[PDB]
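Before any questions on how it binds or moves, here is one chain, the form deposited in one PDB entry, in structure tokens.
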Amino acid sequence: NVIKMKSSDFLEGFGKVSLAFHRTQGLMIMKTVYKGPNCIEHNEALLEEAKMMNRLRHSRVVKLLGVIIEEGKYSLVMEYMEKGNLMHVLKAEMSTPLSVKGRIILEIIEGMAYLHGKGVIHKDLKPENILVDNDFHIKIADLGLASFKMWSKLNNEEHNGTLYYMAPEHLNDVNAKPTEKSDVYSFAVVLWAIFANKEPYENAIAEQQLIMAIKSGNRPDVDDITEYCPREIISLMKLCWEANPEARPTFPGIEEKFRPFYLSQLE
């Protein structure tokens, strides 16, 4: 019952989303996931999973604050982050300075390392799922419910993304189990996007052409990064988008290089 909220508890981009303010805690974001008839037998599963992901407390990971389970409405509640996702921030009129970009990355590394410690594999890491608060600090999100079996099915019910960050072992092979190294690939392409200030592959249509190109070893154009980018970061993104997953490092491994690096070079 601890993660159960309801509409009467509440006063009242992104999508079909509404802002809200609960009594005790500060400001919150609410999204309605499903509208339709009551599945009922698939409710105990929804709450058990809602409390399982409520356990994920990290300053760089979005916390599920609660879930509204009413007659027809099924909704989720999360922490507020005012600057939006990382891309919208990167595409802004004012440029984000190097030192900020470095911290952002360190924050992404920490949050992914915490999730891998708890056993959660993100599956859909990208700039849309990196949320930014007022002081340019970040939290890792999952706006497409990729890590939440039951709630995603609830979203994709009868009665109710972008492949640029996906590891090539998952492209055209849907039956392969995502590993911790799958996120490491995605992280690499995020690193590109950060210093390129845009989505990769000229934001071109997700063709069979592009999929086979990536499976054969093509990557985002490093030459397209026109602003200054530290060599340590260029080395890391190339290391992390290696075709062979064994060649990619682990997020604990990444943090050990990068934390000492950020503090001296970038901060």
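Each residue number is its position in the shown sequence, starting from 1. Here the rigid core means the biggest group of C-alpha atoms that line up within 1.5 Å when the two forms are laid on top of each other. Residues that one form lacks are left out of the comparison.
- Among other deposited entries of this protein with both flanking residues present, at least a third omit coordinates for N38.
- Checked against the other entries of this protein, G253 counts as resolved in every one of those spanning it, not missing from a third of them.
- Counting the deposited residues that fall between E256 and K257 and carry no coordinates gives zero.
- The modelled chain is continuous from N134 to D135, since every residue of the deposited sequence in that stretch has coordinates.
- Per-stretch averaging of Cα B factors for 27-35 and 232-240 places 27-35 on top.
- Judged by mean Cα B factor in the deposited record, 41-49 ranks above the other of 41-49 and 207-215.
- Compared with the other modelled residues of the chain, the Cα B-factor recorded for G13 ranks in the highest third.
- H88 sits in the middle third of its chain by CA B factor, as recorded in the PDB entry.
- Placement of the Cα temperature factor of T96 within the chain: middle third of the modelled residues, per the deposited record.
- Per-chain ranking of the deposited C-alpha B factor places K63 in the middle third.
- Among the modelled residues of its chain, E158 has a C-alpha B-factor that falls in the highest third according to the deposited record.
Unshown form deposited in another entry; subsequent notes refer to it.
- Once the two forms are fitted on their rigid core, between this form and the one not shown the CA displacement reaches 2 Å or more only for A206 among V222, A213, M52, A206.
- Core-superposed comparison between this form and the one not shown: the CA of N244 stays below a 2 Å shift.
- A change of 3 Å or more separates the two forms for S216 and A204: their C-alpha atoms lie closer together in the other entry.
- Fitting the two forms on their rigid core shows CA movement of 2 Å or more between this form and the one not shown over runs of at least three residues at 1-3, 8-12, 16-27, 203-206.
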